[PDB]
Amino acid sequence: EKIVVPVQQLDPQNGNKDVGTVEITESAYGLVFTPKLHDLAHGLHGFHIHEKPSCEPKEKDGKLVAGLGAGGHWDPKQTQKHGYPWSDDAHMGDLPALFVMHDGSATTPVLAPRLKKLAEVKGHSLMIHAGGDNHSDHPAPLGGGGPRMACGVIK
């Protein structure tokens, strides 16, 4: 079985747009995230589980900012460090980056070896960023994902 996460491209002004789903399954080596997404910007994108079960915007420094309602990276073990999916020093929410092909589709599965059971990711959000992910806070915070492009709540 699979958790089916509906994902939307975020637009706080005009309303989110559906871009498909990400399926989460259990493998013998951890949780697999299998995207079935469309109409996204081509490239490799930061892909993380964020703390709050929300994809809503929040105002910050006078701005209505996409996805801020999700809070920060999911970090139950309180490492306070963005890092690699296979590093025990990194946020539990840190997943391998997600590849979107030329035609805007994403169908390449990725493994989160530190996550072991479907139950454990529910009540959090799944975030796809505009930027990539160097799995460090240096030199850009949170791997340089930057803006929150697409998001779905894990239920």
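Residues carry their position along the shown sequence, with the first being 1.
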Original post:
Which has higher Cα B-factors on average according to the PDB entry: 97 to 105 or 57 to 65?
Top reply: 57 to 65
Subject >> Between the two ranges 31 to 39 and 48 to 56, the one averaging a larger CA B factor in the entry >> reply: 48 to 56
Subject >> Chain third (lowest, middle, highest) by recorded CA B-factor, residue given as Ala112 >> reply: lowest
Original post:
Taking the C-alpha B-factors as the PDB entry records them, is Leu126 in the lowest, middle or highest third of its chain?
Top reply: lowest
Original post:
Can you tell me which third, lowest, middle or highest, the CA B-factor of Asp18 falls into for its chain?
Top reply: middle
Original post:
Comparing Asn134 with the other modelled residues of its chain, is its CA B-factor in the lowest, middle or highest third?
Top reply: middle
